[PDB]
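Take a look at the structure set out below.
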Amino acid sequence: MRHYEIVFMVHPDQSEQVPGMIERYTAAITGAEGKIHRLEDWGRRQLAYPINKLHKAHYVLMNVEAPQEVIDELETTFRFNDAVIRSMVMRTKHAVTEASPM
Amino acid sequence: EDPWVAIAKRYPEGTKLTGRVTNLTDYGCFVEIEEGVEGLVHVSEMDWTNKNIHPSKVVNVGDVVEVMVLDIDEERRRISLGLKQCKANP
Amino acid sequence: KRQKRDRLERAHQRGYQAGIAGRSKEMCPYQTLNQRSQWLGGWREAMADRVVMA
Amino acid sequence: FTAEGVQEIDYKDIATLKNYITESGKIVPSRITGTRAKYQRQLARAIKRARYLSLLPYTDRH
Amino acid sequence: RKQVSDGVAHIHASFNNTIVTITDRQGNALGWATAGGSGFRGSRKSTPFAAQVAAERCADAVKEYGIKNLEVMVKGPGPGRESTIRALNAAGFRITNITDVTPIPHXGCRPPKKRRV
Amino acid sequence: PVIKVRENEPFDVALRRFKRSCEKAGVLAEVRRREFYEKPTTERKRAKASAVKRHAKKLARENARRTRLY
RNA sequence: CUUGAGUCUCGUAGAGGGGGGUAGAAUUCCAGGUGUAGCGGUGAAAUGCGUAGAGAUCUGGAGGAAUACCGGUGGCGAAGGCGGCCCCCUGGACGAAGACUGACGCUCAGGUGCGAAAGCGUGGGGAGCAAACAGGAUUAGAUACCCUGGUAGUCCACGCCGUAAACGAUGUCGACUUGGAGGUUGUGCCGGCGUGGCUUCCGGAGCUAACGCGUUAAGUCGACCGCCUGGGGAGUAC
Ligand SMILES: [Mg+2]
Ligand SMILES: [Mg+2]
Ligand SMILES: [Mg+2]
Ligand SMILES: [Mg+2]
Ligand SMILES: [Mg+2]
Ligand SMILES: [Mg+2]
Ligand SMILES: [Mg+2]
Ligand SMILES: [Mg+2]
Ligand SMILES: [Mg+2]
Ligand SMILES: [Mg+2]
Ligand SMILES: [Mg+2]
Ligand SMILES: [Mg+2]
Ligand SMILES: [Mg+2]
Ligand SMILES: [Mg+2]
Ligand SMILES: [Mg+2]
Ligand SMILES: [Mg+2]
Ligand SMILES: [Mg+2]
Ligand SMILES: [Mg+2]
Ligand SMILES: [Mg+2]
Ligand SMILES: [Mg+2]
Ligand SMILES: [Mg+2]
Ligand SMILES: [Mg+2]
């Protein structure tokens, strides 16, 4: 329906669970005739400043083209899941595919 | 656009040049051969009589002078030249 | 009383005093570049000292 | 300038954005960096987004 | 008693006074002096000289402990905002590091009203 | 404005670096400013004065060169 | 009938409005550790805070309010006004070629709606600030200015009030009349040359009692509305 771009970071010690999380989310997305246009994964990077006294986090870029309700579910999912320590959901004007500078 | 990014080129405080002055102020002179790039050298410098020297007096326009770099302010984008140093230490 | 004081020194102390009292350079009353240099010279020395005064 | 025909300065271009902040993370004004009006506004949004994600700092004192 | 070697010297330069305190590098106070305690009052209390005394009379409050290193950490706009950094030198420490940590709100709270006089 | 001291660097070269560190970070300006609350009308009225002055500091550099003393 | 007015197609810039999330800096508090005699404040002082351990310094927690830098004689809005970041709903403007309607327009007494700050009602909230109030100073006196505290209020929801130097002290719409330097936002054709919108400063003719205004007119005209008729008494009394 409409494009986005997620960029969720996740608690370092629990990086093992990230491939699962990516697996899960990209199911819900496309499980409503969505799409994936990009899905890089930056992996244990250094935080410019602390976050709940952490000095590292596992980052996961991801683009989408979904309708609103699924991209909405997804945001709530991030809220309650407490391994996900930051979220971010920009809109974008088009699909974005080309690989990121990370 | 380009030159300011890779200003390592003449970064070291010890580095010295011969640049050419554009205009004078009464607090400095500006010595600009590097092109798209330009220093100052403050009136404090240029002499060993501190300010007992008008920039007009020691130097005049379109005049090449030997100078060391002292301070480059990568951002704020301003280089601090020195003219009293590249000549004598009385 | 018999002879006028050094014009350069006076010009340098007038500069200092406008400095400390916080007037703008470009109040300088001299165009004689010689006296002008003294005036600003004072005015900039004074700019340093204001900082450490209250 | 960021006028190598750029459409929309990007926040994750951390290499580039670093040229437009200072040591203490403060954004550098257009007049210093020669940036055009509407590239400065993009440059602001990007650095602000970045700061959220902790790809760039707000300060030195933290 | 327990010697240290590596310390840090916080300096609180207000317009009216200058507090200086040496601490261990986990910020545990060891000694301190002020201009007010140095023996200056009012007009005098608020000078770079009175701040100097403070710094050096705080230096010979921490002889008990080791010395050599000292990273200075200055805060506020007072006149005591260097005369101290100077004094600690001739007190005989080596200043490895030195930084302004003056707090600034990124907006924050409404300041008091302006003084009419 | 966080200067670490360099190998064999004199103290009175670190100090002057440190001073120039916060001159260019404009600290005392920021603190001086926020000692007291300025009404938003006053701040905005200051901003015009700055402008109508700056402007007339792009006039002397022209006009003087046109006129002449003695 | 297509030149005024409008509709559609593709894009652009924007603190325009409404709702909901969230992030860093800082202040105040609460709980700990370190540590010891002063802190705070002023022109100078004192009230105040502190050996029941303050101030300073480090760690943890709570809570509200505002959004440094970017930031500019920048931008948006009918005006009042609007400034972190992110999604949801939503208004207006502007341009490029095309197509479409065919004078459908301009103005507007009464009417209707929006309308800063203070203030009022009900229910929340309360860090900082601060009318009232209290104490300390100053002074011949000081119901003030200055200092120490500090309650309404400032914040949120809904409802009232309808006012401001609500100002460009300049009603709205259209036409015409030498120039110069900028700012911001589109688009043509070759980093030069054009063509649109909005805007800042300067000045020519003209106009003006003068100051000044000057293609964003206070110039030259047309359409409609609002308003003035010596000063007090009075924007008051009934
Ligand atoms: Mg005060
Ligand atoms: Mg804390
Ligand atoms: Mg027809
Ligand atoms: Mg009416
Ligand atoms: Mg009405
Ligand atoms: Mg109100
Ligand atoms: Mg009442
Ligand atoms: Mg109320
Ligand atoms: Mg209440
Ligand atoms: Mg108070
Ligand atoms: Mg009061
Ligand atoms: Mg009283
Ligand atoms: Mg609401
Ligand atoms: Mg209301
Ligand atoms: Mg009225
Ligand atoms: Mg009126
Ligand atoms: Mg007209
Ligand atoms: Mg004019
Ligand atoms: Mg007219
Ligand atoms: Mg008239
Ligand atoms: Mg009357
Ligand atoms: Mg009445």
Side-chain angles (χ1 to χ4, degrees), chain A residues 2 4-6 48-51 53 71-72 76 79 86-91 93, chain D residues 11 20-22 24-33 35-38 40-42 44-54 57-59 62, chain E residues 8-12 14-38 41-43 45-46 58 61-62 73 75 102-113 115-116, chain F residues 25-26 33-34 36-37 39-41 44 47-56 59 62:
Chain A
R2 169 189 285 189
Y4 286 100
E5 177 155 354
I6 329 308
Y49 53 84
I51 302 180
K53 291 81 87 288
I71 213 84
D72 196 293
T76 290
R79 178 181 296 287
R86 274 285 156 78
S87 339
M88 182 100 152
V89 181
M90 295 143 287
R91 270 184 74 173
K93 196 167 74 281
Chain D
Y11 63 90
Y20 286 98
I21 74 172
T22 182
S24 75
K26 303 178 58 171
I27 304 153
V28 180
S30 174
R31 60 160 186 280
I32 289 292
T33 63
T35 312
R36 278 182 39 239
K38 52 170 290 205
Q40 186 67 227
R41 267 133 53 201
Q42 291 170 351
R45 297 176 191 99
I47 289 160
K48 286 170 183 172
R49 293 192 195 73
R51 283 162 173 184
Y52 179 54
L53 294 159
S54 203
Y58 292 90
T59 83
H62 69 346
Chain E
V8 32
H10 302 73
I11 286 162
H12 186 279
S14 81
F15 288 102
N16 296 129
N17 206 351
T18 319
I19 313 171
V20 45
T21 90
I22 314 303
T23 86
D24 75 1
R25 295 188 64 279
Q26 309 86 261
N28 303 65
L30 306 170
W32 59 263
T34 71
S38 303
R41 222 75 208 118
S43 59
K45 187 175 66 150
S46 58
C58 167
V62 286
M73 215 142 288
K75 168 189 301 184
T102 300
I104 295 297
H106 292 165
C109 312
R110 182 184 189 108
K113 96 182 101 161
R115 301 180 74 224
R116 290 178 295 289
Chain F
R33 182 187 62 162
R34 308 164 169 287
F36 301 111
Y37 168 87
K39 289 168 75 172
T41 179
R44 183 167 61 230
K48 275 287 198 301
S50 75
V52 307
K53 276 283 212 69
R54 198 133 18 95
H55 197 91
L59 253 284
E62 176 199 64

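Here is how names work: the chains are called A, B, and so on, in the same order as the sequence lines, proteins then strands, and each is numbered from 1.
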*Using the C1' atoms only, state how far G:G81 lies from G:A164, rounded to an integer number of Å.*
14 Å
*Intrastrand stacking G:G55, G:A56, 5.5 Å centres and 30° planes*: yes
*asked:* Can you check the distance between G:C211 and G:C147, where both ends of the measurement are the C1' atom (answer in whole Å)?
replied: 47 Å
*asked:* Quick one: does any side-chain atom of D:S30 pair with a main-chain N or O of D:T35 as donor and acceptor, under 3.5 Å?
replied: yes
*Can you tell me, in whole Å, how much space there is between the P of G:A131 and that of G:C228?*
42 Å
*asked:* Given the ring of D:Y52, does A:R86 sit roughly above its face, with NZ or CZ under 6.0 Å from the centre of the six-membered ring and within 45° of the axis?
replied: yes
*Where the side chain of D:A37 is concerned, which of G:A56, G:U184, G:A44 is the nearest nucleotide?*
G:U184
*Complement of G:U3, any strand, by Watson-Crick or G-U distances under 3.5 angstrom*: none
*Tell me which nucleotide among G:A131, G:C88, G:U57 gets nearest to the side chain of A:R2.*
G:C88
_Students should be able to answer this: classify the pucker of G:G77 from the sign of its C1'-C2'-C3'-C4' torsion, north or south._
north
*Determine if G:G171 and its strand neighbour G:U172 meet both stacking conditions: ring centres closer than 5.5 Å and an interplanar angle below 30°.*
yes
*Ignoring hydrogens and angles, answer whether the base of G:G24 and the side-chain atoms of D:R49 contain a donor-acceptor pair closer than 3.5 Å.*
no
*Would you say G:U154 pairs with G:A56 if a pair means Watson-Crick or G-U wobble with both distances under 3.5 Å?*
no
*Report yes or no: is G:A26 base-paired to G:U151 (Watson-Crick or G-U wobble, both distances under 3.5 Å)?*
no
*asked:* Suppose we call a contact any N or O donor and acceptor under 3.5 Å apart; does that hold for the side chain of E:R25 and the base of G:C58?
replied: no
_Two-distance pair criterion under 3.5 Å, Watson-Crick or G-U, for G:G72 and G:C160_ = no
*asked:* Under 5.5 Å between six-membered ring centres and under 30° between their planes: does that hold for the bases of G:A175 and G:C176?
replied: yes
*Counting just side-chain N and O atoms, does F:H55 come under 4.0 Å of either OP1 or OP2 of G:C202?*
no
_Of the listed nucleotides (G:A23, G:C69, G:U57), which one gets closest to any side-chain atom of E:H10?_
G:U57
*Using Watson-Crick (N1 to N3, and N6-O4 or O6-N4) or G-U wobble (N1-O2, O6-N3) distances under 3.5 Å, do G:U178 and G:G203 pair?*
no
*G:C88, G:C70, G:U27: which one has an atom nearest the side-chain heavy atoms of A:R91?*
G:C88
*Check if the side chain of D:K48 and the base of G:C70 share a donor-acceptor pair of N or O atoms closer than 3.5 Å.*
yes
*Pick the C1' atom in G:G11 and in G:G74, then give their distance to the nearest Å.*
24 Å
*Hey, does the side chain of D:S54 reach the backbone of A:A48 with a donor-acceptor pair shorter than 3.5 angstrom?*
yes
*Under-3.5 Å donor-acceptor pair between E:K45 side chain and G:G41 base*: yes
_From the set G:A68, G:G40, G:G60, return the single nucleotide nearest to any side-chain atom of A:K53._
G:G60
*Here, do G:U122 and G:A157 pair up as Watson-Crick or G-U wobble, each distance under 3.5 Å?*
yes
*Please report the closest heavy-atom contact between E:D24 and E:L30, naming both atoms and the distance.*
N-CD1, 3.6 Å
*Stacked or not: do G:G214 and G:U215 have six-ring centres under 5.5 Å apart and planes under 30°?*
no
*Under 4.0 Å between a side-chain N/O of E:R115 and OP1 or OP2 of G:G43, yes or no?*
yes
*asked:* Does G:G41 have OP1 or OP2 under 4.0 Å away from a side-chain N or O of E:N17?
replied: no
*Sugar at G:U215: north or south, per the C1'-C2'-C3'-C4' sign?*
south
_From C-beta outward on F:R33, which listed nucleotide comes closest to its side chain: G:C70, G:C129, G:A68?_
G:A68
*Nearest-Å distance once atom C1' is located in both G:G53 and G:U148*: 23 Å
*Using the P atom as the reference point in each nucleotide, state the distance between G:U27 and G:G35 in Å, no decimals.*
25 Å
*OP1 or OP2 of G:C88 less than 4.0 angstrom from a side-chain nitrogen or oxygen of A:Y4, does that happen here?*
yes
*Looking only at side-chain atoms of A:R86, point me to the closest of G:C87, G:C70, G:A23.*
G:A23
*G-U wobble or Watson-Crick pair formed by G:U12 and G:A223 (both under 3.5 Å)*: no
*How would you label the contact of E:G42 with the nucleic acid (heavy atoms, under 4.0 Å): base, sugar-phosphate, or nothing?*
base
_Distance below 4.0 Å between E:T34 side-chain N/O and G:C39 OP1 or OP2_ = yes
*G-U wobble or Watson-Crick pair formed by G:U112 and G:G194 (both under 3.5 Å)*: no
*Wobble or Watson-Crick pair present, G:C198 with G:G64, both under 3.5 Å*: no
_Closest heavy-atom pair and its distance - E:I19, E:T21_ = CG2-CG2, 4.1 Å
_Sign-based sugar class (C1'-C2'-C3'-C4') of G:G168_ = south
*Sugar of G:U90: specify north or south by the sign of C1'-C2'-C3'-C4'.*
north
*Taking the P atom of each, how far is G:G192 from G:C89, in whole Å?*
44 Å
*Okay, side chain of A:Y49, backbone of D:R51: is any donor-acceptor separation there less than 3.5 Å?*
yes
*Check the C1'-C2'-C3'-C4' sign on G:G55 and let me know if the sugar comes out north or south.*
north
*Closer than 4.0 Å, any side-chain N/O of F:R54 to the OP1 or OP2 of G:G72?*
no
*Is the distance between the six-membered ring centres of G:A209 and G:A210 below 5.5 Å, and is the angle between those ring planes below 30 degrees?*
yes
*With a 4.5 Å heavy-atom cut-off, do A:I71 and A:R2 have their side chains touching?*
no
*Under 4.0 angstrom between D:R41 side-chain N/O and G:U185 OP1 or OP2*: yes
*Write down the atom of E:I22, the atom of E:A9, and the distance for their closest heavy-atom approach.*
CD1-CB, 3.6 Å
*Tell me whether the OP1 or OP2 atom of G:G14 has a side-chain N or O from D:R45 closer than 4.0 Å.*
yes
*Atom of E:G36, atom of E:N17 and distance for their closest heavy-atom approach*: N-OD1, 3.5 Å
*Main-chain N/O of E:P105 paired to F:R34 side chain as donor or acceptor, under 3.5 Å*: yes
*Distance test, side-chain N/O of E:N28 to OP1/OP2 of G:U57, below 4.0 Å*: no
*Would you say D:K38 reaches G:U12's phosphate, i.e. side-chain N/O to OP1/OP2 under 4.0 Å?*
no
*Interatomic distance at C1', G:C160 relative to G:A118, whole Å*: 14 Å
*Considering only side-chain heavy atoms of E:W32, which listed nucleotide, G:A26, G:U73, G:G35, is closest?*
G:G35
*Under 4.0 Å between a side-chain N/O of E:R41 and OP1 or OP2 of G:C39, yes or no?*
yes
